[PDB]
Structure formats: structure tokens, C-alpha cells
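Take a look at the C-alpha cells below, where one protein chain is shown in two forms, each on its own, as structure 1 and structure 2.
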Structure 1
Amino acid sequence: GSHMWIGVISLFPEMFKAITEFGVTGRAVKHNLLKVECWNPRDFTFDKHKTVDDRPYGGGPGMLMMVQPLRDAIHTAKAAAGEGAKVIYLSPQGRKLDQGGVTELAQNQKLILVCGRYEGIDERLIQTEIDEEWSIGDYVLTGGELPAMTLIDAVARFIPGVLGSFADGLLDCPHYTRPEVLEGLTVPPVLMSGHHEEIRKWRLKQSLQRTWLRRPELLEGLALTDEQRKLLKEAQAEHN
């Protein structure tokens, strides 16, 4: 099929075993649908102690990524990638990732992901080496690895053959499995009823309600259908 190549720059490549050896993503790798290839800046040093950090000009308490080893790793990856590979830097200054963002990134046959450690990377590397800066969320982590893994996992689902909802813009509906009663709680009868049309409508109505209650801002980005407006109005009225 149409595979995907992901180059990764990281001081901790082994972290990426978490997505390449396990589950859906581990299957995608075994089936050559997804390929993840790592370069460690530490391999690109020349001093005895393999120094990969550097002090920031203007002072400040933290450290940055040494420019030369990082720059050399990026260039190597760009070369092994060949043409067309987009270079993504994960950081809290980047564009905020959401599923629309994932769909766009997914359209790239080749990606290179730069995972920063310490307090960041030199701003000049961002201008010259980085095409897009992205954030997986407004929280602060110890490094760009986990966001890179999150990105990889998210886009991998778009690769044909990888998988075996939410696209309506709404939160998911409540799901139920065995047993029929649990701690004296029972499955909603309509799910047993066998009526696929009653069931579809009930699930949709739940999603509308749950989105309304939990994430009302998600509802303003939406141009609801006749049916959805109906079912939401019913659910809003019944919350009284």
C-alpha cells in the first residue's frame, strides 16, 4: 500500500520502542506500513564526553541543545529522507495539534521530527532547519519525545491497513458490553432492542448531549443538521 516514513532526532531513541514494538503501531511497523528511523545527536559529537548541551547567551539558569551535534543529525536525516520530507519541531510554541492538524500532517509520505531536550534549541536552527513547529498541548514536559510519539501514533491511524468516529465533530456516545447488569447498573434497553435506527438516533443524541455538557465550544464550530438540532433540543429540554 501507501507506507509512511518518519525520521526522528532524539537523545533517547529507545523511547520510541514504545510505539514501534507494541499494539497497532507495532503492527504497522512489522507490516512495513510505518517506518520509524532514529538519529541521536550524541552520535554526531567529536569531544570525548559526547557533549550535547550548551549555555545560553544572555545568561539564564537553563541549558540548550548544542547546535553542532543537533544540526548535523538533522542534516543526515534530511539526506537519508531525500526530497519532500517536512521537518517538524515539537515544542509549546508550536501550532496546537488537533485532529484537523493530524489529517494534514498525515498527508506527508515523509516526516522528520526534532525532539528538543533541556530548555530548547537555538532560534536560528528553527528559522533555517524547521518547516513547522507544533505543540500537542498547553502543558510542559521534560522533552519533545512523548509529543513526537503522540504525533506518530495519531497519524499512523491514517495509513491504509493500519486500523482494522469523532468525525461528526462530537464526543463519543456511551458504550456497553457484558454483563447486562453490573453493580446494579443496567444496559440501556434500546441497545438491546435490535432496532438499528432507534440505536443510531439514541447514540447520536447522547453525543450531542455529552458535547453540550462537557465541551460546548465544540458545538459552536458546528453547523448542525436538521436531525442533530432536533435531538439536541430534546436532550437539552430533558436536562430539566
Structure 2
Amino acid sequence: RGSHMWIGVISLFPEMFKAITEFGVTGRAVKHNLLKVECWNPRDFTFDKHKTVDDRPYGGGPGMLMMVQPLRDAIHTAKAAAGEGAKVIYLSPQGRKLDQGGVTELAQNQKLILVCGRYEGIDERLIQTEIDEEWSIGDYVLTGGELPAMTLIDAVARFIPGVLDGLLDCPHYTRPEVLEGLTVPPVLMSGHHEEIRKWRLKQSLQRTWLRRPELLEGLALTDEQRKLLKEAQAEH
């Protein structure tokens, strides 16, 4: 149309992204030219014999950093290929927390460049001069930002035209009817779609309430949803 999404990746390990470009939903999205994922490797932007990509930190210590020159130059080549208006994102443990709202924001960009850290990360000044936003997938210690980048790609790809609420899912049941002695809720077997709808929405709201209450803090629930939630809170 062209609504195809383009995502550039800066990574020391571009072959990892096969995990999203060759498999599943994203893989089908790449096969049908709805998503293009392009990788540039800082290892290819070095000029010494040994293709060095780490550097010592000013101040000393054991924590190596990504070498500034090969990293910056990969970013620039990626910006040159994106053309005007690509948003550059540092997958960073000190970034803004990723959540579904954040995903919808990022999905509104047609060109993104993802920068994946290694070692203890990248020079602070590279954030000022090259990074537009910093995003984190959660508060845990990883060894690189590739997996966070792929998670991020997977989440945004669902907003690409041609690829196909905010609360937790209701329980799902498939065959068989009785599984190790455990039976499906009769309402789902009943065949009355209006009782099934009310139950599924009510169970969704109770799950959200019990297991992730904070997802409710930003919604104004519908009349029906407030009624079904109040019932479920009392029945508990």
C-alpha cells in the first residue's frame, strides 16, 4: 500500500533474528513482504585486524563496553538505509518499561532501528547523540539486548496491516470434555452463545482483578463490565 513495516537491527549476533524472521507469525509476515528486518553487525564496521568490538571503560573495572566507533557507524549506515524519520531505540535495562500501551505507540512508526547492547552496554554519550528512546522489557539481568529486541518486534508486528482486549484472558478449554477427571464448565458446552459471552467476560475481569489488578487502573469499564466485576468480587 505500502504499509509494510521496516525494522533495522544493530546487533553483534544478527543470526539470532532468524528466530523471528524464519518462524511463526513474524516469519509468515517476512515471507509475505509485510515486514522487513535488516541487520547490521558492528563487527563489520571495525578497522583493526582482529575486528574488536568491546572497549575498556574510563574509570577502570571489569565491565567491558561496546566499542563506540563500530557501533556508531553501524547505526549511521542503518539510518542511511531507513531514510528520513526512523526512530532509533536502545533496548536498555534503564529504559521506559514496555507495556501494551507502549507497544501501540512504537507500532505507529513505519521505520524503527533497534540497537541491541552487549557487555555492560553502550557509552552514555551515544544515547544523547544517536538514541531517540530507551525501552526495557522487564527488570531482570540479561546478557544482551537481542532477545528484548525480538520480543519488541513480535509485539509490534501484530499492528502491521495484513497480519490478521487489554485484560487477561478468561480460562480456555478444548478437547477433551473430561481431562484427567476435570470437566469443562457446563456453560461452554451449553451452546447458548449469550451465556458464554457473559461468562467469558466475567472470568476475564476476575482474573485481571486477582492476578494483575493494575491493568484496571487505566480503564473506564463498560456498564456491563462493572456489573460483572462487582458480582465476581462478591462471589470471591
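Here, residue number means position along structure 1's sequence, counting from 1. If you superpose the two forms and keep the largest set of C-alpha atoms that fall within 1.5 Å, you have the rigid core.
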property	result
Threshold 2 Å Cα movement between structures 1 and 2 for residue 216, core superposed	yes
Cα displacement of residue 175 between structures 1 and 2, once the rigid core is superposed (Å)	0.5
Residue 140 CA shift between structures 1 and 2 in angstrom, with the core used for superposition	1.1
